[PDB]
Each structure stands twice: as structure tokens, then as C-alpha cells.
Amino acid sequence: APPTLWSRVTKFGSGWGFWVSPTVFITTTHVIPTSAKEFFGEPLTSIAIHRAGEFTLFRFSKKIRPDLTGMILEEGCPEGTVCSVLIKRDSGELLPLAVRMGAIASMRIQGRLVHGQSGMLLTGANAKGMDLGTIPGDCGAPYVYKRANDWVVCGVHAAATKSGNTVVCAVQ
């Protein structure tokens, strides 16, 4: 995946977030540090928060990341699209896990109720464990794909089943 897309992936709370533009940051609601009153030097006062379940979008009143260009954010992707989940792991290793995307789903995973776009990992027979599949620390990592000549972001990592095969992308 292009270096600009990896540059946008930021360590945040108990997981990750993603800079869509110089002023727009998306992440998975449950990774947000619950007591936090200040983000990237800005008070809440200066920030527009849009929260729908496990998807959260922060819009800032000034350019936090002026090095970036604004890219396309869509509400999930057509069934059958292959995405990459842009996962950073211990030591500057970059793990773009391939997922075939499915339907909008409601699920119960480790007891909690989860809603978003379901997918099946294309990394192995099952994706149990950190080598072929996701771990709780990956939450907030972006789901991206290339369409003709540009790249689209269409959600953030919210959950994965015990077997690991099934993942859920929270969507705008």
C-alpha cells in the first residue's frame, strides 16, 4: 500500500486512528481514552465529534496534518470488494491484511453487540493468532482499496471473531 496511506495511520488510545485530510481524523469509538479533554494540542471546544456506534469522526478547527491531501471516505464498499486493513505491528513491521468484504451485519462477539460491514480474511484457513489475523490492539486500523487510479478509505477495524476468520469494519 502507498507510503502516504501508512503516514496517516496514528497510534491513538488503546489502538489506532487515520487522517482522512489535514482536519479530519477517524477511529473506533472504544479505543478513545475516556477521560481525554485535549487532542493534538486542541481542546474539545475546537473540535466537532460525529459518533455513530463504533465509528467516530473528529473535525478540527485548524490543520493538524498540513502535510496530507484530503482523500475519499465512503460508507463501506460494495459486497465482494477486496480491502487491505493497514495494521502496524511491533517494530516498524507493516501488515496490510487482505479481506473480502460482505454485508452490513449485527453480531455478538465475546459477549458485546457489534454493528458494521462484515468481511472474511484471505490470509489463511483460519486467522487465529497474531501471524495471520487481528489482535485487540489493531482496532481503529483503516480499511482501504484502490479503485481505478485512486485509493478509498471505507471504515475502521472494530472487531473479530474467536476463530479470527470474520472481521467487522465500523462505517460512517
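We number the residues from 1 along the sequence you see. For clarity, a rigid core is taken as the largest C-alpha set superposing within 1.5 Å between two forms.
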RMS over structures and residues, CA atoms, rigid core fit in 8 other deposited structures of this protein: 72-80 vs 86-94, larger is 86-94
116-124 versus 130-138: which one's CA atoms end up farther from this form in 8 other deposited structures of this protein after a core fit?
130-138
Select between 146-154 and 21-29 the stretch whose C-alpha atoms have the higher average B-factor in the entry.
146-154
Would you tell me which stretch averages the higher CA B-factor in the PDB entry, 38-46 or 51-59?
38-46
Largest Cα B-factor, entry values, listed residues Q110, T134, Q117, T123:
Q110
Please place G70 in the lowest, middle or highest third of its chain by C-alpha B factor as given in the entry.
middle
Among modelled residues of the same chain, the CA temperature factor third for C139
lowest
Within-chain third of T81 by Cα B-factor, per the entry:
middle
Lowest, middle or highest third of the chain for the C-alpha temperature factor of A1?
highest
Within this chain, which third does the Cα B-factor at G13 fall in: lowest, middle or highest?
middle
